[PDB]
Amino acid sequence: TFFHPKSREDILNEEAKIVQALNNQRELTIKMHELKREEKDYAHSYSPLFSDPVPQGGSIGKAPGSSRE
Amino acid sequence: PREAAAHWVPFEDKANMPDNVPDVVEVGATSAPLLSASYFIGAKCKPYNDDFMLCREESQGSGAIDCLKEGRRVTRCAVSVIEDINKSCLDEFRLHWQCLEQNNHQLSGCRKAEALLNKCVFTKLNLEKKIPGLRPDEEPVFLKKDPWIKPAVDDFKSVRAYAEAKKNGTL
């Protein structure tokens, strides 16, 4: 009469919920690992404003024809 | 391009133009006559110079070989205007460029000869000297009277000719 354990079904349900949270963490973990290895845009990784990688050099003796795309 | 360094020899190429390229006359005036005639050359040949430079830009690196044609056009326009000066206003042109030869090529030292040359060229060739980019408030320096900066010696022949023109009323 003094033994009041939880029901077997409740134990299984609770452990299944815990394992589901654990698998969610495993998936988020693998996800972040993949996303860190993907490559970012030039604006996000180098410069948001002035997002053109192409330089323009010096402007004193600007020679017609020096521009090359 | 940088100037040459420790040891260099100048060398001359004896080949001719490839015969496919149309021949062109070359400008024969030297530094002082060229600097004297520069404003008129610009006023006359501005469209051709602009076209030449636009070709050189658009070629994007092959400018020398793709832009020969309007280069010939540019040189021809320049030779034409120099010939017109030699036919119509030779004496004043010589005054101006000899004065420049004497004054380290500074236009500030030849205002008197330049006034005569400018009047002659405007009347006989319909070319005007003008300095681009100034607002109406700003005054072209070559039109300014009583400048702060004056030549060491006013050129003798130019002074005589200027006083003569003031008498004749041409200037």
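This entry lists cryo-EM as its structure determination method and reports a resolution of 3.4 Å.

A.B. asks: For this particular structure, what's the right way to read the UniProt feature "domain: CHCH" (unreviewed entry) in chain B?
C.D. replies: Look at the UniProt record and you will see "domain: CHCH" (unreviewed entry) annotated at residues 89–122 of chain B. Taken end to end, residues 89–122 of chain B is 74% helix and 0% strand, and its first and last C-alpha atoms sit 10 Å apart.

A.B. asks: Which parts of the structure should I look at to understand the interface of chain A and chain B?
C.D. replies: For an interface, size is often stated in terms of accessible area lost upon the parts coming together. Across the boundary between the two partners, chain A contributes six residues, which contact five residues of chain B. Interface of chain A and chain B: buried area, both sides summed, is about 530 Å²; carbon and sulfur atoms make up 47% of it. Here chain A and chain B share zero salt bridges between them. Scanning the region where chain A abuts chain B turns up three residue pairs in polar contact. Of the residues belonging to the side of chain A that touches chain B, the class tally is two nonpolar, two polar and two charged.

A.B. asks: I'm lost on the nonpolar core in this one. Help?
C.D. replies: Inside soluble globular proteins, nonpolar side chains tend to come together where they are buried. All names here are of chain B. Ranked by size, the top nonpolar core spans 16 residues in total, and within it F40, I41, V81, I85, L117, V121 and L127 carry the most contacts. Of all the elements in the fold, those that place two or more residues in this core are α1 (31–59), α3 (69–88) and α5 (111–125). If one sorts the elements of this core by residue count, α3 sits on top with five residues. If sequence neighbours within four positions are ignored, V81 has contacts with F40, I41, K44 and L127.

A.B. asks: Help me understand the pattern of salt bridges, please; the structure alone is not making it clear to me.
C.D. replies: Residues and elements named next belong to chain B. Under the definition given, this model contains eight salt bridges over all chains. A salt bridge links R111 to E114, with the shortest nitrogen-to-oxygen separation between them at 2.7 Å. Of this pair, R111 and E114 both sit in helix α5, three residues apart, which is roughly one turn of the helix. When its relative accessible area of 25% is taken as the criterion, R111 is described as partly exposed.

Analysis parameters
Residues numbered from 1 in each chain as written, not as in the entry; some residues may be left out. Chains lettered and ligands numbered in written order. Part of a larger assembly, values for the part shown. Heavy atoms only, no water. UniProt positions renumbered as here; feature names shortened; annotations may be inferred. Helix = DSSP H or I, 4+ residues; strand = E, 2+ residues; numbered from the N terminus. Contact = heavy atoms within 4.5 Å. Buried area = accessible area lost by both parts, 1.4 Å probe. Salt bridge = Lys/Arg side-chain N within 4 Å of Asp/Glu carboxyl O. Polar contact = N/O pair within 3.5 Å; in protein donor to acceptor, adjacent residues only side chain to side chain. Nonpolar A, V, L, I, M, F, W, Y, C, P; charged D, E, K, R; others polar. Core = buried A, V, L, I, M, F, W, Y, C linked by side-chain atoms within 4.5 Å. Buried < 20%, exposed > 50% of the residue type's maximum accessible area, 1.4 Å probe, protein only.

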